[PDB]
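Only one chain comes next, encoded as structure tokens, the form deposited in one PDB entry.
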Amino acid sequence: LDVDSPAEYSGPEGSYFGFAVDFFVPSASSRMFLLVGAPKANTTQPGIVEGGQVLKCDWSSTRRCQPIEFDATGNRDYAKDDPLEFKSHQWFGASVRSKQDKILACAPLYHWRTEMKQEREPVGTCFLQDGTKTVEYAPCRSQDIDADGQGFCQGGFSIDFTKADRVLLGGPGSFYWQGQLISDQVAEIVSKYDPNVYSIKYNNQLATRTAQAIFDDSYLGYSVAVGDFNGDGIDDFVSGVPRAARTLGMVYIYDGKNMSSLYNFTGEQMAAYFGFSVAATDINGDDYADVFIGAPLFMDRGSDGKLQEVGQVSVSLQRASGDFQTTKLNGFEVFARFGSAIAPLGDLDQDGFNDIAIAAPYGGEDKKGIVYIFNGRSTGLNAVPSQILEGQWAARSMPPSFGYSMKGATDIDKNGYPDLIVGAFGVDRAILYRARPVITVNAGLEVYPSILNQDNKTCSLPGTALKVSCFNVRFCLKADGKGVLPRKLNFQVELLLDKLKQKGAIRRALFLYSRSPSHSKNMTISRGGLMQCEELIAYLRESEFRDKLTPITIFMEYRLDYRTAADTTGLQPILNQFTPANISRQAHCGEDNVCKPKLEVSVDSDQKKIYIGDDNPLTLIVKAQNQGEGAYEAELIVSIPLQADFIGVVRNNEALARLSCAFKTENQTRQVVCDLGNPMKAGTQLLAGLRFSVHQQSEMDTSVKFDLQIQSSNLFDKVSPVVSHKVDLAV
């Protein structure tokens, strides 16, 4: 979902522009439209103020928004100097639902003078508009007057469209606020419209009857949802009843044919408002629609054991046997109201499972409103959100309530990916989020010589007559993706020959051309199964490094050139959210192809005593050998004290090897590096004599310490145990 540059729409100040949103898809034309309800805008009706509005926003063409002429006439008269209805301060735009050419807006706070007696009662009126004919629909404006009937129905609080063109309508206030659900066919609604009649009846109507006195003030009809829950192919009716069962909350499921009770969901926490918003959509792709019920005031135990209001969403999966499998999502902030708006998006990423958006309009930083996006996974829902949308405008005089209303599951841009519209009535704004194409790229890296021999020196280093040993590395890239995309993606391929070795200490592998552990190349890939491949030749350093223990690691990464991959609208594509951007492989004397020496050393001194006050020549006999396999770069290190001076190797003795020893002073350490042998063949024994000059004049030391160790660059047992020799001082 693109968040960098979305579409913004604003209306008149204080109009609640964005309290309700939806998509308009006129079948007659091709352009798609945005429906935004502003339930407090100032209309042009004669003698009406704050009458409410519904606006049509044209998206692409200059982002111009205009209101729809649902009703240009002010109040009507029951008699002379006696108004019949009170259209001022009615909430026209508190609900907007569209289906192809049909637009359905409602005004839940419309008051009309009862025909029997002069009276003010909110019944709610709804304006259903077809292609050209605009009619008025008001089921609650009946002869069942007063709060005992449908006088306070407030019909139009929550509305929906059914797959077979059956408008579902909910009145929270009917029957002493017992709530009521009303459904009528669109064709019958349009046919029966008579302007001069105020109590039109419909023959095929389905309604909920008056229950006992216990179910009063349950607020049934607060929210509406339609989906198939009996297998008959006809959408049932799902409505939110936030106040039922001693304020626990409820959601009622009614048959879509004769309005019979099928399933009821009871709550767990009172005043949590279980049923504030509902949605019906299959999430795991098994075609059985599932329910999504919010409770924006749910209080769960906190870190310290106290109750914190975070908001909870309940997910129940539909089964063939009838039962529902329930899982719950808790909030992530306190006083955030997580579960206030639940908007299905369908296949947002085209992963094969539908995706939904749950919003907390009073969370995030500055309580500016946040939106959570979740993806569909089999046998449940991906409880970890995959994206975060945050409000952008600070409160002027009203909490911004970004995310109080969203509508999804429609592809405004026409690129195969559904978009989303979010309402910001607190700052009277609307935001359209265009989805991005999900490209899944699979990378294949293979190194043929998993373990290679330095002695396989049949590879020629370019530019020199020297010979090296080189290996083959294969890397391939393929790109598959749905939706509208360019045919070619200009991938950027980068790779490194050596991982770990922190702080850039040393790197052993260099490529054949332009020797370097790293290499970058821009390659073009075509969408499909064409697995384009390329090959490279690289060679290692012989005695240029002392680290053969850790395996040589080959690393590859791929970054897509987003700038040139965008469409004409500038909407750049995206890579898969779950794919690993980096693939790493490890590369590597016996059958194991690992030379494992076994280094031991012994020290003997010709002189057991050193006299203080004169130069005492000390000759050291060192017996060095390897019991294991070949030891590359094997050397002898002899740590001598500051008062000991190396003179040379004993050469007058034929039994002592005349080693090539170099005395080196590195970081206050005086050492004699003796070259024992490059390969240090197995079973070889080395005996040598080293003479030293001792200028010991200190009166505190009792003996002189010498540290001799065999070192090598090999993998296993590359260093012999440290041997310390003490020559006692003499007086």
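Just so we're on the same page, rigid core means the largest C-alpha set that superposes within 1.5 Å between forms. Residue numbers run from 1 along the displayed sequence.
The same protein also exists as the form deposited in another entry; that form is not shown, yet it is the one meant from here on.
Only one entry in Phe265, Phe646, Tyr222, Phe161 has its C-alpha moved by 2 angstroms or more between this form and the one not shown when the rigid core is superposed, and that entry is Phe646. Once the rigid core is used as the reference frame, the Cα position of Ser314 differs between this form and the one not shown by less than 2 Å. When two forms of a protein are overlaid on their rigid core, residues whose CA moves 2 Å or more are considered shifted, and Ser95 is not one of them between this form and the one not shown.
Here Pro399 does not count as shifted, since its C-alpha moves by less than 2 Å between this form and the one not shown after the core is aligned.
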